[PDB]
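Here the structure comes first, spelled out in C-alpha coordinates, and everything after it is commentary.
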Amino acid sequence: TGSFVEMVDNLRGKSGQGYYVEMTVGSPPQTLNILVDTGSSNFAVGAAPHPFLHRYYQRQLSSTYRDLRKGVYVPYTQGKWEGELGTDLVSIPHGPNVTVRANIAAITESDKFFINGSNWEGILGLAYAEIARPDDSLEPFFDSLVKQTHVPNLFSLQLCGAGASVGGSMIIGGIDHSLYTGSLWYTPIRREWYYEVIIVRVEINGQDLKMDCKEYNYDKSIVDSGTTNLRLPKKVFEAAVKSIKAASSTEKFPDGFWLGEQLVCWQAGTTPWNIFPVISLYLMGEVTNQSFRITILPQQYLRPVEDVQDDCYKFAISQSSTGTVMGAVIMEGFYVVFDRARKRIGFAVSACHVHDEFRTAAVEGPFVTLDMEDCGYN
Ligand SMILES: C[C@]1(c2cc(NC(=O)c3ncc(Cl)cc3Cl)ccc2F)N=C(N)CO[C@H]1C(F)(F)F
(Lines of atoms letter the chains of each structure in order from A and count residues from 1; the text may use other names and numbers.)
(Lines give C-alpha, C1' and ligand atoms only; values in the text may rest on other atoms or scores of the structure.)
Protein backbone atom coordinates (compact mmCIF):
# COMPACT_ATOMS: atom_id res chain seq x y z
CA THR A 1 0.00 0.00 0.00
CA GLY A 2 0.88 3.68 -0.38
CA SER A 3 -0.34 7.05 -1.64
CA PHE A 4 -1.98 7.29 -5.07
CA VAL A 5 -2.81 10.96 -4.86
CA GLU A 6 -3.88 11.46 -8.48
CA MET A 7 -6.57 8.77 -8.36
CA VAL A 8 -8.16 9.75 -5.04
CA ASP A 9 -11.68 11.13 -5.64
CA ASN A 10 -11.70 10.28 -9.35
CA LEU A 11 -15.22 8.74 -9.29
CA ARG A 12 -18.55 10.55 -9.53
CA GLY A 13 -22.20 9.59 -9.76
CA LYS A 14 -25.81 10.71 -9.48
CA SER A 15 -27.35 9.15 -6.38
CA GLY A 16 -29.24 6.07 -7.54
CA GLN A 17 -27.11 5.82 -10.69
CA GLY A 18 -23.74 4.21 -11.28
CA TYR A 19 -20.24 5.44 -10.51
CA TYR A 20 -18.22 6.71 -13.45
CA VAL A 21 -14.62 7.67 -14.20
CA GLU A 22 -13.43 10.13 -16.83
CA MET A 23 -11.52 8.51 -19.71
CA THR A 24 -10.23 9.63 -23.09
CA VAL A 25 -10.33 7.71 -26.35
CA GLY A 26 -8.57 8.50 -29.61
CA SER A 27 -6.08 11.03 -30.93
CA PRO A 28 -6.63 13.89 -30.18
CA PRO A 29 -8.26 12.61 -26.97
CA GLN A 30 -12.05 12.54 -26.78
CA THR A 31 -13.27 12.77 -23.17
CA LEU A 32 -16.14 10.52 -22.01
CA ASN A 33 -17.58 9.53 -18.64
CA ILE A 34 -17.42 5.75 -18.26
CA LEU A 35 -19.43 3.55 -15.88
CA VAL A 36 -17.17 1.38 -13.67
CA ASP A 37 -18.61 -2.15 -13.79
CA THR A 38 -16.90 -5.10 -12.08
CA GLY A 39 -19.86 -7.20 -13.27
CA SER A 40 -19.00 -7.25 -16.99
CA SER A 41 -15.94 -7.41 -19.25
CA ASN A 42 -16.45 -5.18 -22.33
CA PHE A 43 -15.22 -1.62 -22.83
CA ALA A 44 -18.06 -0.13 -24.86
CA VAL A 45 -18.80 3.52 -25.59
CA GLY A 46 -21.55 5.48 -27.27
CA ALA A 47 -20.39 6.20 -30.82
CA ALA A 48 -23.50 7.60 -32.52
CA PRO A 49 -25.98 10.24 -31.35
CA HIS A 50 -28.68 9.29 -28.86
CA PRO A 51 -31.24 11.38 -26.93
CA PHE A 52 -29.52 10.45 -23.66
CA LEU A 53 -25.93 11.11 -24.80
CA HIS A 54 -24.59 14.65 -24.90
CA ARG A 55 -21.30 13.47 -26.39
CA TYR A 56 -20.05 10.30 -28.04
CA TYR A 57 -16.99 8.67 -29.59
CA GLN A 58 -16.33 9.98 -33.13
CA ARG A 59 -14.04 7.43 -34.78
CA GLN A 60 -13.52 9.50 -37.92
CA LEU A 61 -11.79 12.21 -35.84
CA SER A 62 -9.19 9.88 -34.29
CA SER A 63 -5.96 9.34 -36.23
CA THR A 64 -5.16 6.29 -34.07
CA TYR A 65 -8.49 4.51 -34.61
CA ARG A 66 -8.28 1.07 -36.23
CA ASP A 67 -11.33 -0.78 -37.55
CA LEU A 68 -11.59 -4.46 -36.66
CA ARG A 69 -14.43 -4.77 -39.22
CA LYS A 70 -16.45 -7.01 -36.89
CA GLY A 71 -19.77 -6.44 -35.18
CA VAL A 72 -20.81 -7.23 -31.62
CA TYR A 73 -24.40 -7.66 -30.39
CA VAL A 74 -25.04 -7.68 -26.62
CA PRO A 75 -28.51 -8.26 -25.16
CA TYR A 76 -28.96 -8.08 -21.40
CA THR A 77 -31.94 -9.13 -19.31
CA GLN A 78 -33.06 -5.47 -19.42
CA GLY A 79 -31.61 -3.56 -22.38
CA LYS A 80 -29.32 -4.24 -25.31
CA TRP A 81 -26.76 -2.63 -27.56
CA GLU A 82 -25.03 -3.33 -30.83
CA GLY A 83 -21.63 -2.04 -31.85
CA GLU A 84 -18.64 -2.17 -34.16
CA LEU A 85 -15.33 -3.44 -32.81
CA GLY A 86 -12.09 -1.54 -33.24
CA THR A 87 -9.12 -0.34 -31.24
CA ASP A 88 -7.76 3.04 -30.20
CA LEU A 89 -5.54 4.72 -27.61
CA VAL A 90 -7.16 5.08 -24.18
CA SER A 91 -6.19 7.06 -21.07
CA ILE A 92 -7.61 7.77 -17.63
CA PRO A 93 -6.72 11.41 -16.90
CA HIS A 94 -7.07 10.99 -13.11
CA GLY A 95 -5.36 7.67 -13.42
CA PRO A 96 -2.11 5.73 -13.69
CA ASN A 97 -0.47 8.13 -16.18
CA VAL A 98 -0.17 5.62 -19.03
CA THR A 99 -1.87 5.30 -22.40
CA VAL A 100 -2.79 1.91 -23.83
CA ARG A 101 -4.29 0.51 -27.02
CA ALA A 102 -7.51 -1.31 -26.13
CA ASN A 103 -10.41 -2.99 -27.85
CA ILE A 104 -13.41 -0.64 -28.00
CA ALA A 105 -17.01 -1.63 -28.80
CA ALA A 106 -18.32 1.46 -30.63
CA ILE A 107 -22.03 1.44 -29.80
CA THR A 108 -24.12 2.40 -32.83
CA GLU A 109 -27.59 1.20 -31.75
CA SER A 110 -29.10 0.52 -28.36
CA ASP A 111 -32.36 0.10 -26.47
CA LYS A 112 -32.86 0.73 -22.75
CA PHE A 113 -29.06 0.80 -22.24
CA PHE A 114 -28.15 4.46 -21.79
CA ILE A 115 -29.97 6.02 -18.84
CA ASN A 116 -31.44 9.50 -19.07
CA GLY A 117 -29.54 11.84 -16.73
CA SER A 118 -26.95 9.28 -15.59
CA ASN A 119 -24.10 11.35 -17.10
CA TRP A 120 -22.07 8.37 -18.39
CA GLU A 121 -21.52 7.60 -22.07
CA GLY A 122 -19.98 4.13 -21.92
CA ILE A 123 -19.12 1.24 -19.66
CA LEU A 124 -15.77 -0.12 -18.43
CA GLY A 125 -16.22 -3.82 -17.78
CA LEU A 126 -13.53 -4.84 -15.28
CA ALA A 127 -14.33 -8.58 -14.93
CA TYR A 128 -12.53 -11.35 -16.79
CA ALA A 129 -12.38 -12.36 -20.46
CA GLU A 130 -14.48 -15.49 -19.90
CA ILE A 131 -17.63 -13.33 -19.97
CA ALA A 132 -16.52 -10.88 -22.69
CA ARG A 133 -18.59 -10.53 -25.87
CA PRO A 134 -18.58 -11.83 -28.49
CA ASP A 135 -16.09 -14.34 -27.03
CA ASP A 136 -13.17 -14.52 -24.61
CA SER A 137 -10.61 -13.63 -27.28
CA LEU A 138 -11.67 -9.97 -27.01
CA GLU A 139 -9.13 -8.85 -24.45
CA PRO A 140 -10.75 -6.66 -21.75
CA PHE A 141 -9.35 -3.20 -21.02
CA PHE A 142 -7.62 -4.04 -17.75
CA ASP A 143 -5.88 -7.08 -19.24
CA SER A 144 -4.49 -4.85 -22.01
CA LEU A 145 -3.45 -2.11 -19.54
CA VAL A 146 -1.41 -4.57 -17.45
CA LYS A 147 0.23 -6.31 -20.42
CA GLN A 148 1.27 -3.06 -22.10
CA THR A 149 2.49 -1.15 -18.99
CA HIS A 150 4.11 -1.85 -15.64
CA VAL A 151 0.84 -1.23 -13.79
CA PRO A 152 0.42 -3.93 -11.11
CA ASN A 153 -2.40 -6.41 -11.81
CA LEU A 154 -4.77 -5.01 -9.19
CA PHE A 155 -7.30 -2.23 -8.74
CA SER A 156 -9.30 -1.05 -5.74
CA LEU A 157 -12.66 0.73 -5.36
CA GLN A 158 -13.97 3.06 -2.65
CA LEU A 159 -17.62 3.88 -3.42
CA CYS A 160 -18.76 6.54 -1.00
CA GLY A 161 -22.50 7.02 -1.38
CA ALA A 162 -25.00 9.52 -0.08
CA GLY A 163 -26.93 10.77 2.92
CA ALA A 164 -26.03 15.55 -3.70
CA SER A 165 -23.88 13.59 -6.15
CA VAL A 166 -21.92 10.58 -4.90
CA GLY A 167 -18.19 10.10 -5.28
CA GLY A 168 -15.33 7.71 -4.65
CA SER A 169 -11.95 6.45 -5.81
CA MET A 170 -10.76 3.84 -8.28
CA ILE A 171 -7.08 3.20 -7.58
CA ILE A 172 -5.57 1.57 -10.67
CA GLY A 173 -2.51 -0.50 -9.84
CA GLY A 174 -2.53 -0.19 -6.08
CA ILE A 175 -4.07 0.22 -2.61
CA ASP A 176 -4.29 3.76 -1.17
CA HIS A 177 -3.75 3.65 2.59
CA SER A 178 -5.78 6.82 3.19
CA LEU A 179 -9.03 5.27 1.95
CA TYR A 180 -9.56 2.78 4.78
CA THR A 181 -8.97 2.15 8.46
CA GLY A 182 -8.17 -1.06 10.26
CA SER A 183 -7.18 -4.34 8.63
CA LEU A 184 -7.69 -5.54 5.08
CA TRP A 185 -9.16 -9.05 5.06
CA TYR A 186 -8.99 -11.15 1.87
CA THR A 187 -11.37 -13.73 0.45
CA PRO A 188 -10.32 -15.97 -2.48
CA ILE A 189 -11.54 -15.26 -5.97
CA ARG A 190 -13.21 -18.65 -6.45
CA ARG A 191 -13.13 -18.50 -10.25
CA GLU A 192 -11.97 -15.82 -12.67
CA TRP A 193 -15.06 -14.89 -14.66
CA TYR A 194 -17.15 -12.60 -12.54
CA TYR A 195 -15.43 -11.70 -9.26
CA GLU A 196 -16.87 -14.79 -7.58
CA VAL A 197 -16.57 -15.35 -3.80
CA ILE A 198 -17.98 -17.71 -1.15
CA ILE A 199 -20.19 -16.55 1.74
CA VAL A 200 -20.08 -18.96 4.68
CA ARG A 201 -22.47 -17.42 7.27
CA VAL A 202 -25.03 -14.60 7.47
CA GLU A 203 -26.13 -12.68 10.60
CA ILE A 204 -28.81 -10.05 11.19
CA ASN A 205 -27.82 -8.09 14.31
CA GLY A 206 -25.67 -11.06 15.30
CA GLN A 207 -28.54 -13.59 14.97
CA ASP A 208 -27.55 -16.42 12.63
CA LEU A 209 -29.81 -16.82 9.59
CA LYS A 210 -29.07 -20.54 10.09
CA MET A 211 -29.35 -21.78 6.50
CA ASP A 212 -27.27 -24.38 4.73
CA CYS A 213 -24.42 -22.16 3.56
CA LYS A 214 -24.77 -23.52 0.00
CA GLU A 215 -27.99 -21.47 -0.20
CA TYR A 216 -25.94 -18.29 0.22
CA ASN A 217 -23.98 -19.04 -2.94
CA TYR A 218 -26.62 -20.58 -5.21
CA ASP A 219 -25.75 -20.43 -7.98
CA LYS A 220 -22.91 -17.96 -7.32
CA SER A 221 -21.92 -14.92 -5.27
CA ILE A 222 -20.19 -11.99 -6.98
CA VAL A 223 -18.89 -8.52 -6.11
CA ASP A 224 -20.49 -6.10 -8.60
CA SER A 225 -20.00 -2.31 -8.72
CA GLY A 226 -22.54 -2.27 -11.58
CA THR A 227 -25.52 -3.18 -9.34
CA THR A 228 -27.12 -1.03 -6.64
CA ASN A 229 -28.80 -3.61 -4.44
CA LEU A 230 -27.65 -6.40 -2.22
CA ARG A 231 -29.36 -9.15 -4.20
CA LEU A 232 -29.97 -12.49 -2.45
CA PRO A 233 -31.18 -15.88 -3.71
CA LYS A 234 -34.90 -16.34 -3.15
CA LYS A 235 -34.70 -18.58 -0.06
CA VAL A 236 -32.03 -16.37 1.51
CA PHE A 237 -33.91 -13.18 0.67
CA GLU A 238 -37.11 -14.42 2.34
CA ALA A 239 -35.24 -15.42 5.50
CA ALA A 240 -33.32 -12.14 5.65
CA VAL A 241 -36.44 -10.00 5.19
CA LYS A 242 -38.28 -11.87 7.95
CA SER A 243 -35.40 -11.31 10.36
CA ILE A 244 -34.94 -7.64 9.41
CA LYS A 245 -38.67 -7.06 9.89
CA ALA A 246 -38.51 -8.56 13.37
CA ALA A 247 -35.44 -6.56 14.42
CA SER A 248 -37.05 -3.28 13.27
CA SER A 249 -40.51 -4.14 14.63
CA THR A 250 -40.56 -0.95 16.76
CA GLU A 251 -41.96 0.59 13.54
CA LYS A 252 -44.26 -0.97 10.94
CA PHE A 253 -43.84 -0.48 7.21
CA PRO A 254 -46.17 -1.42 4.34
CA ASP A 255 -45.36 -4.63 2.50
CA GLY A 256 -44.42 -2.61 -0.60
CA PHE A 257 -41.53 -1.02 1.28
CA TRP A 258 -39.96 -4.45 1.77
CA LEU A 259 -40.46 -5.18 -1.94
CA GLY A 260 -38.67 -1.97 -2.93
CA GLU A 261 -41.90 -0.64 -4.50
CA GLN A 262 -42.68 2.17 -2.01
CA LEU A 263 -40.58 4.70 -0.11
CA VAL A 264 -40.57 5.25 3.65
CA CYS A 265 -40.16 8.80 4.92
CA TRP A 266 -39.27 10.46 8.20
CA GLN A 267 -39.15 14.11 9.21
CA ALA A 268 -35.86 15.58 8.01
CA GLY A 269 -32.95 14.50 10.19
CA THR A 270 -34.92 12.06 12.40
CA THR A 271 -34.36 8.80 10.49
CA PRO A 272 -34.28 6.14 13.32
CA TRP A 273 -31.19 4.28 12.15
CA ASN A 274 -30.78 2.55 15.50
CA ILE A 275 -34.03 0.56 15.22
CA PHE A 276 -32.76 -1.20 12.02
CA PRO A 277 -30.26 -4.05 12.30
CA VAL A 278 -26.79 -4.44 10.90
CA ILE A 279 -26.20 -7.14 8.28
CA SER A 280 -23.09 -9.33 8.41
CA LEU A 281 -21.70 -11.57 5.69
CA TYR A 282 -18.95 -14.00 6.62
CA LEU A 283 -16.54 -14.66 3.75
CA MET A 284 -14.11 -17.56 3.30
CA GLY A 285 -10.62 -16.60 4.47
CA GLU A 286 -7.27 -17.30 2.89
CA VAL A 287 -6.30 -19.62 5.79
CA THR A 288 -7.75 -23.10 6.18
CA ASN A 289 -10.79 -23.04 8.47
CA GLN A 290 -10.76 -19.23 8.86
CA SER A 291 -13.43 -16.74 7.86
CA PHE A 292 -13.89 -13.03 8.34
CA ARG A 293 -17.02 -10.89 8.64
CA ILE A 294 -18.11 -7.69 6.86
CA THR A 295 -20.96 -5.70 8.40
CA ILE A 296 -23.08 -2.95 6.81
CA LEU A 297 -25.62 -0.54 8.33
CA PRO A 298 -29.10 0.65 7.39
CA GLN A 299 -27.27 3.70 6.05
CA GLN A 300 -26.10 1.34 3.26
CA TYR A 301 -29.29 -0.68 2.60
CA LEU A 302 -31.76 2.24 2.91
CA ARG A 303 -31.16 4.39 -0.19
CA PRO A 304 -31.99 8.11 -0.03
CA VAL A 305 -34.37 9.29 -2.75
CA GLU A 306 -34.35 13.06 -3.19
CA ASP A 307 -37.26 15.32 -4.07
CA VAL A 308 -37.49 19.12 -3.70
CA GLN A 309 -39.20 18.46 4.49
CA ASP A 310 -38.90 14.66 4.75
CA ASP A 311 -36.02 12.22 4.26
CA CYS A 312 -37.30 9.29 2.19
CA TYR A 313 -35.61 5.97 1.46
CA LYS A 314 -35.98 2.82 -0.63
CA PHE A 315 -35.16 -0.66 0.72
CA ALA A 316 -32.28 -1.97 -1.41
CA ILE A 317 -32.04 -5.65 -0.45
CA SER A 318 -33.86 -7.64 -3.13
CA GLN A 319 -34.43 -11.10 -4.59
CA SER A 320 -32.04 -12.63 -7.11
CA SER A 321 -32.48 -15.49 -9.57
CA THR A 322 -28.75 -15.72 -10.39
CA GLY A 323 -27.09 -15.97 -6.96
CA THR A 324 -25.92 -13.35 -4.50
CA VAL A 325 -24.90 -9.95 -5.89
CA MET A 326 -22.80 -7.83 -3.54
CA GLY A 327 -23.60 -4.50 -5.17
CA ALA A 328 -23.16 -0.92 -4.03
CA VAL A 329 -25.19 -1.65 -0.88
CA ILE A 330 -22.28 -3.85 0.17
CA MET A 331 -19.41 -2.00 -1.47
CA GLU A 332 -20.29 1.41 -0.02
CA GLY A 333 -19.31 0.20 3.46
CA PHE A 334 -15.82 -0.79 2.40
CA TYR A 335 -12.62 -0.24 0.53
CA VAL A 336 -12.58 -3.21 -1.86
CA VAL A 337 -9.31 -4.51 -3.34
CA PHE A 338 -9.60 -6.55 -6.54
CA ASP A 339 -6.23 -8.29 -6.22
CA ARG A 340 -6.15 -10.12 -9.53
CA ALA A 341 -2.43 -10.93 -9.17
CA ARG A 342 -3.09 -13.01 -6.05
CA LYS A 343 -6.64 -14.14 -6.93
CA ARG A 344 -8.31 -12.55 -3.92
CA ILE A 345 -10.66 -9.73 -2.91
CA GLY A 346 -9.82 -7.56 0.10
CA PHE A 347 -12.29 -5.71 2.32
CA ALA A 348 -11.57 -2.95 4.84
CA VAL A 349 -13.75 -0.39 6.57
CA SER A 350 -14.09 2.57 4.22
CA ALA A 351 -12.89 5.97 5.41
CA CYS A 352 -15.83 7.59 3.62
CA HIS A 353 -18.71 5.23 4.43
CA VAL A 354 -21.96 6.71 5.69
CA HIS A 355 -22.68 5.98 9.37
CA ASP A 356 -23.89 7.72 12.54
CA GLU A 357 -22.31 8.63 15.87
CA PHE A 358 -23.05 5.24 17.48
CA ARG A 359 -22.49 2.57 14.78
CA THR A 360 -19.93 1.99 12.00
CA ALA A 361 -19.50 -0.54 9.21
CA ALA A 362 -17.03 -3.22 10.29
CA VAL A 363 -14.53 -5.83 9.05
CA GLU A 364 -13.42 -8.34 11.69
CA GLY A 365 -11.65 -11.68 11.88
CA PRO A 366 -10.63 -14.40 12.13
CA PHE A 367 -13.48 -16.80 12.90
CA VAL A 368 -13.10 -20.56 13.12
CA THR A 369 -15.34 -21.98 10.40
CA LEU A 370 -15.15 -25.61 9.29
CA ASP A 371 -15.95 -27.17 5.90
CA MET A 372 -16.04 -23.81 4.14
CA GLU A 373 -15.43 -25.47 0.78
CA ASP A 374 -18.84 -27.15 1.07
CA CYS A 375 -20.52 -23.73 0.94
CA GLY A 376 -19.53 -23.31 -2.71
CA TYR A 377 -22.01 -24.43 -5.34
CA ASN A 378 -20.29 -26.98 -7.60
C1 LIG B 1 -24.03 -4.76 -17.85
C2 LIG B 1 -24.69 -4.37 -16.55
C3 LIG B 1 -25.06 -2.88 -16.50
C4 LIG B 1 -25.07 -2.25 -15.26
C5 LIG B 1 -25.40 -0.90 -15.14
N6 LIG B 1 -25.37 -0.38 -13.86
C7 LIG B 1 -25.89 0.84 -13.51
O8 LIG B 1 -26.39 1.68 -14.23
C9 LIG B 1 -25.69 1.12 -12.08
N10 LIG B 1 -24.49 0.72 -11.60
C11 LIG B 1 -24.26 0.98 -10.29
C12 LIG B 1 -25.17 1.62 -9.45
CL13 LIG B 1 -24.80 1.92 -7.79
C14 LIG B 1 -26.39 2.01 -9.97
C15 LIG B 1 -26.66 1.76 -11.32
CL16 LIG B 1 -28.20 2.26 -11.91
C17 LIG B 1 -25.74 -0.14 -16.26
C18 LIG B 1 -25.74 -0.76 -17.51
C19 LIG B 1 -25.41 -2.11 -17.62
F20 LIG B 1 -25.44 -2.67 -18.83
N21 LIG B 1 -23.70 -4.64 -15.45
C22 LIG B 1 -23.98 -5.22 -14.28
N23 LIG B 1 -23.09 -5.44 -13.32
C24 LIG B 1 -25.36 -5.65 -13.98
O25 LIG B 1 -26.30 -5.09 -14.90
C26 LIG B 1 -25.91 -5.30 -16.26
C27 LIG B 1 -27.13 -5.02 -17.10
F28 LIG B 1 -26.84 -5.01 -18.41
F29 LIG B 1 -28.06 -6.00 -16.88
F30 LIG B 1 -27.70 -3.83 -16.81
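Please read every residue number as a count from 1 along the shown chain.
If you're wondering, the header gives X-ray crystallography, 1.9 Å.
Placed from the backbone N, Cα and C atoms, the Cβ positions cover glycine too.
Listed in Swiss-Prot for this protein:
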type	residues	note
ACT_SITE	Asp37	active site
MOD_RES	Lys70	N6-acetyllysine
CARBOHYD	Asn97	N-linked glycosylation site
CARBOHYD	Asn116	N-linked glycosylation site
DISULFID	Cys160-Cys352	disulfide bond
MOD_RES	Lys210	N6-acetyllysine
DISULFID	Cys213-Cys375	disulfide bond
MOD_RES	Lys214	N6-acetyllysine
MOD_RES	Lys220	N6-acetyllysine
ACT_SITE	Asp224	active site
MOD_RES	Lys234	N6-acetyllysine
MOD_RES	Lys235	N6-acetyllysine
MOD_RES	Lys242	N6-acetyllysine
DISULFID	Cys265-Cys312	disulfide bond
CARBOHYD	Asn289	N-linked glycosylation site
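Positions of Swiss-Prot features highlighted on the structure.
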residue	record	Cβ contacts under 8 Å, 6 or more apart
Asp37	active site	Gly18, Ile123, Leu124, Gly125, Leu126, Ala127, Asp224, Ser225, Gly226
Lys70	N6-acetyllysine	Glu84, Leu85, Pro134
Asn97	N-linked glycosylation site	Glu6
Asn116	N-linked glycosylation site	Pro51, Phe52
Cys213	disulfide bond	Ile199, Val200, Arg201, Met372, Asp374, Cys375
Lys220	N6-acetyllysine	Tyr194, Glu196, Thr322, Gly323, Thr324, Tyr377
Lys242	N6-acetyllysine	none
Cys265	disulfide bond	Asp310, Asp311, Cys312, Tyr313
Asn289	N-linked glycosylation site	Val368, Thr369, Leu370, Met372
- Message: Based on a Cβ-to-ligand 1 distance below 6 Å, what subset of the recorded positions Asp37, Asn116, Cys213, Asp224, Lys235, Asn289 would you report?
- Response: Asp37, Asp224
- Message: Roughly how many Å lie between the Cα atoms of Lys234 (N6-acetyllysine) and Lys214 (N6-acetyllysine), rounded to a whole value?
- Response: 13
- Message: Can you tell me whether DSSP puts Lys70 (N6-acetyllysine) in helix, strand or coil?
- Response: strand
- Query: Rounded to the nearest angstrom, how far is the Cα of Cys352 (disulfide bond) from the Cα of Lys210 (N6-acetyllysine)?
  - Reply: 32
- Write down the Cα-Cα distance for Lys214 (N6-acetyllysine) and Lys235 (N6-acetyllysine), rounded and given in Å. 11
- Message: Name the residue among the disulfide-bonded residues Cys160, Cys352, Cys375 whose Cβ has the smallest number of other Cβ atoms within 10 Å.
- Response: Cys352
- Message: According to DSSP, does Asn289 (N-linked glycosylation site) sit in a helix, a strand, or coil?
- Response: coil
- Note on the structure: Rounded Cα distance, in Å, between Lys214 (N6-acetyllysine) and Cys352 (disulfide bond) is 33
